[PDB]
Amino acid sequence: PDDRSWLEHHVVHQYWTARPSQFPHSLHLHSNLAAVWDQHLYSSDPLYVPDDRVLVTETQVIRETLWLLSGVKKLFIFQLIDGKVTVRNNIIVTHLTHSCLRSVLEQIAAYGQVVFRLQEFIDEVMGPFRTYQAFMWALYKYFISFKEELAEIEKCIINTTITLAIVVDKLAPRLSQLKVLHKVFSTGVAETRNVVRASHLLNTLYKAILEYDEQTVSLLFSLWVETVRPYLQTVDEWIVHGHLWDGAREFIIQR
Amino acid sequence: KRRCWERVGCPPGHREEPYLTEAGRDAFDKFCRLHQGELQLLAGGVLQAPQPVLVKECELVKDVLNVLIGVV
Amino acid sequence: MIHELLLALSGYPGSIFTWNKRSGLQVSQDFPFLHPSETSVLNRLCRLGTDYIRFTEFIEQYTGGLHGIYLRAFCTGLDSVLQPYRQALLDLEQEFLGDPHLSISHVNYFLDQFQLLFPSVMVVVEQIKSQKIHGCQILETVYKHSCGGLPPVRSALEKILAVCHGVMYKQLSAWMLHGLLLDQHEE
């Protein structure tokens with residue numbers, strides 16, 4: 001009423017409260033698919049209940065997928081159920097009856113799990129090991145340039161709107177590197193002493209450069225130099241200050 | 001250029017559904033009433049909260065600049 | 001329908017067009033807003049998307065099992081030959097912004113050009129999978145088929161062979177400048 005009527009009739013709140021969709025309709029095919037899709041549901045048995053849930057349009061899902069891939073987490077869709085994000089399937093999207101859409105959002109949430117792991121390694125310091133810290137710094141320098149692109153793309157939805165397929169094919173040269181980052185982080189959390197706990201990640205990083213020796217190996221190189229900063233700093237301290245830096249023996253040489 | 005996954009085939013087409021953080025400087029008034037209502041429900045009915053809006057950007061700036069001189 | 005099919009043609013196994021290891025992308029749901037002769041048309045079309053799924057699976061599966069630096073190059077080339085198919089599906093999507101009354105046979109007709117490239121390059125990957133050819137002889141078994149008879153399959157196998165020669169010439173640069181051998185230990 002008055003204010004709330006304007007809020008419901010020009011924007012959503014049929015997406016966080018179970019209400020019918022206010023996204024405009026007419027009759028027949030794209031307009032209102034409800035009648036013919038109800039007929040298809042009835043003809044092939046809708047089991048014993050017609051398939052009907054809260055219903056949301058595409059653009060809300062588009063900006064949520066870009067928010068999830070961008071770096072922020074815990075959205076309305078891509079709920080974290082036990083430690084890994086997955087699609088909320090109690091929402092209907094009327095065509096495809098959210099079964100093919102479940103597969104495509106399940107792949108996107110599988111990438112969001114990698115995003116969650118990197119942001120989780122980020123979160124365990126902000127809000128020392130001194131080699132993990134230099135690792136998460138170059139990780140930050142990646143993510144600032146990374147979600148810059150997604151913010152630019154999400155601006156173009158507001159200025160007419162652009163479909164989901166274009167924006168998931170737009171982020172391919174970043175997701176191709178995200179698979180490399182997924183294989184990089186796996187031995188960085190897999191682990192006794194603090195020197196082998198850094199050696200396990202750094203030898204994997206040294207080995208992964210030879211795997212791609214395009215655009216991935218340059219990212220691996222710029223990441224790799226910024227994780228051996230404490231070792232070069234410590235070696236230079238051993239030269240000119242005459243003393244090996246001590247961190248409960250972070251360094252390789254027993255001394 | 002977006003065709004929804006809700007419905008396919010022969011659209012007339014209609015725009016974006018706007019967002020709620022989209023255009024964040026015109027809907028203060030609706031919610032300053034609504035936050036007042038959520039406060040009044042817990043407070044019994046008389047607590048209130050002045051300034052649901054005022055005034056502009058520039059007039060508020062000129063008054064705040066007059067505060068530092070000494071004019072209240 | 002004319003985005004759902006285009007989703008099944010790309011790197012998704014659908015559920016409308018059911019992915020099976022005995023018969024990929026079957027249409028069995030006989031839609032009463034499809035014409036019944038489109039079923040055979042979909043049976044013509046779905047072999048192409050099945051091949052696209054298999055090539056997508058081959059890139060997703062192998063980065064051991066089929067290693068060698070040359071098949072890291074081969075999956076790099078296989079992604080490059082699947083890119084213009086993505087471009088063509090984007091062109092179809094823009095066309096359906098233009099005219100949404102076009103039937104499924106128009107879509108099959110538009111993607112009849114890629115039914116000349118994809119079945120001919122499918123057999124090369126099947127020969128690579130069936131026989132133990134994963135080393136520099138993968139460059140051989142591409143080069144036997146890259147001398148072909150159709151300009152699209154010539155271009156696709158050109159891309160794949162090109163990135164494999166790129167790996168080989170970098171390791172020949174280690175041969176001629178550093179004296180280094182077994183850069184990749186044998187093959």
# chains A, B, ... in the order shown; residues from 1 in each chain; ligands from 1
$ residues_around --residues "residue 160 in chain C" --least-positions-apart "3" --cutoff "12 Å" --atoms "only C-alpha atoms" --output "mmCIF file with C-alpha atoms, in the first residue's frame"
data_model
loop_
_atom_site.group_PDB
_atom_site.id
_atom_site.type_symbol
_atom_site.label_atom_id
_atom_site.label_comp_id
_atom_site.auth_asym_id
_atom_site.auth_seq_id
_atom_site.Cartn_x
_atom_site.Cartn_y
_atom_site.Cartn_z
ATOM 1 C CA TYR C 70 51.970 -32.596 -26.830
ATOM 2 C CA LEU C 71 48.487 -33.505 -25.601
ATOM 3 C CA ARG C 72 48.447 -30.581 -23.216
ATOM 4 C CA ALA C 73 48.994 -28.844 -26.566
ATOM 5 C CA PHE C 74 46.299 -31.045 -28.187
ATOM 6 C CA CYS C 75 43.653 -30.029 -25.632
ATOM 7 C CA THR C 76 44.812 -26.420 -26.098
ATOM 8 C CA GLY C 77 44.183 -26.855 -29.825
ATOM 9 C CA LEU C 78 40.888 -28.687 -29.282
ATOM 10 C CA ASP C 79 39.537 -25.732 -27.294
ATOM 11 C CA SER C 80 40.594 -23.456 -30.174
ATOM 12 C CA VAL C 81 38.707 -25.553 -32.729
ATOM 13 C CA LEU C 82 35.600 -25.507 -30.526
ATOM 14 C CA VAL C 121 37.898 -34.730 -36.937
ATOM 15 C CA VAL C 124 41.210 -38.722 -35.439
ATOM 16 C CA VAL C 125 40.456 -38.353 -31.715
ATOM 17 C CA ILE C 138 49.987 -37.787 -32.255
ATOM 18 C CA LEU C 139 51.523 -35.107 -34.515
ATOM 19 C CA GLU C 140 51.882 -37.897 -37.063
ATOM 20 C CA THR C 141 48.274 -39.068 -36.803
ATOM 21 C CA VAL C 142 47.042 -35.489 -37.051
ATOM 22 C CA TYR C 143 49.353 -34.832 -40.029
ATOM 23 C CA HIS C 145 44.492 -36.365 -41.694
ATOM 24 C CA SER C 146 45.380 -32.631 -41.845
ATOM 25 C CA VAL C 153 38.609 -29.805 -41.593
ATOM 26 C CA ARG C 154 41.923 -28.567 -43.021
ATOM 27 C CA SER C 155 41.650 -25.420 -40.867
ATOM 28 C CA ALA C 156 40.687 -27.285 -37.663
ATOM 29 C CA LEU C 157 43.485 -29.840 -37.946
ATOM 30 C CA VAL C 163 50.123 -25.745 -31.305
ATOM 31 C CA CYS C 164 51.793 -29.177 -31.256
ATOM 32 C CA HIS C 165 54.627 -27.859 -33.483
ATOM 33 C CA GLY C 166 54.841 -24.869 -31.125
ATOM 34 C CA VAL C 167 55.740 -27.145 -28.207
#
$ interface_residues --of "chain B" --to "chain C" --cutoff "8 Å" --atoms "only C-alpha atoms" --output "list in words"
residues 1, 8, 9, 10 and 11 of chain B
$ interface_residues --of "chain C" --to "chain A" --cutoff "9 Å" --atoms "only C-alpha atoms" --output "number ranges by chain"
C: 4, 7-8, 12-16, 31-32, 69, 72-73, 86, 90, 167, 170
$ interface_residues --of "chain A" --to "chain B" --cutoff "6 Å" --atoms "only C-alpha atoms" --output "VMD selection string"
chain A and resid 3 11 29 to 30 33 58 93 to 95 161 to 163
$ write_last_selection --atoms "C-alpha atoms" --output "mmCIF file, in the first residue's frame"
data_model
loop_
_atom_site.group_PDB
_atom_site.id
_atom_site.type_symbol
_atom_site.label_atom_id
_atom_site.label_comp_id
_atom_site.auth_asym_id
_atom_site.auth_seq_id
_atom_site.Cartn_x
_atom_site.Cartn_y
_atom_site.Cartn_z
ATOM 1 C CA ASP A 3 5.034 2.992 -0.520
ATOM 2 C CA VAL A 11 11.120 -3.933 -8.169
ATOM 3 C CA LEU A 29 4.501 -18.558 -25.377
ATOM 4 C CA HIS A 30 6.900 -15.793 -24.222
ATOM 5 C CA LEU A 33 4.151 -19.791 -20.888
ATOM 6 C CA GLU A 58 16.803 -14.349 -15.633
ATOM 7 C CA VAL A 93 12.150 -21.299 -13.806
ATOM 8 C CA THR A 94 9.245 -22.336 -15.988
ATOM 9 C CA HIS A 95 10.909 -23.330 -19.267
ATOM 10 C CA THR A 161 20.024 -6.176 -20.587
ATOM 11 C CA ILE A 162 22.508 -8.783 -21.850
ATOM 12 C CA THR A 163 21.856 -12.550 -21.699
#
$ select_by_dssp --residues "range 27-192 of chain A" --states "strand (DSSP E)" --output "list in words"
residues 79, 80, 85 and 86 of chain A
$ residues_around --residues "residue 132 in chain A" --least-positions-apart "3" --cutoff "10 Å" --atoms "only C-alpha atoms" --output "ChimeraX atom specification"
/A:121-122,125,128-129,135-137,188,197-198,201,227
$ residues_around --residues "residue 146 in chain A" --least-positions-apart "3" --cutoff "12 Å" --atoms "only C-alpha atoms" --output "list in words"
residues 66, 69, 70, 71, 115, 139, 140, 141, 142, 143, 149, 150, 151, 152, 153, 171, 172, 173, 174, 175, 177 and 178 of chain A
$ residues_around --residues "residue 53 in chain B" --least-positions-apart "3" --cutoff "9 Å" --atoms "only C-alpha atoms" --output "JSON, numbers by chain"
{"B": [28, 29, 32, 50, 56]}
$ atom_distance --atom1 "CA of residue 86 in chain A" --atom2 "CA of residue 106 in chain A"
6.3 Å
$ select_by_dssp --residues "range 58-150 of chain C" --states "alpha helix (DSSP H)" --output "PyMOL selection string"
chain C and resi 58-61+69-98+104-110+114-130+137-143
$ atom_distance --atom1 "CA of residue 63 in chain C" --atom2 "CA of residue 228 in chain A"
26.2 Å
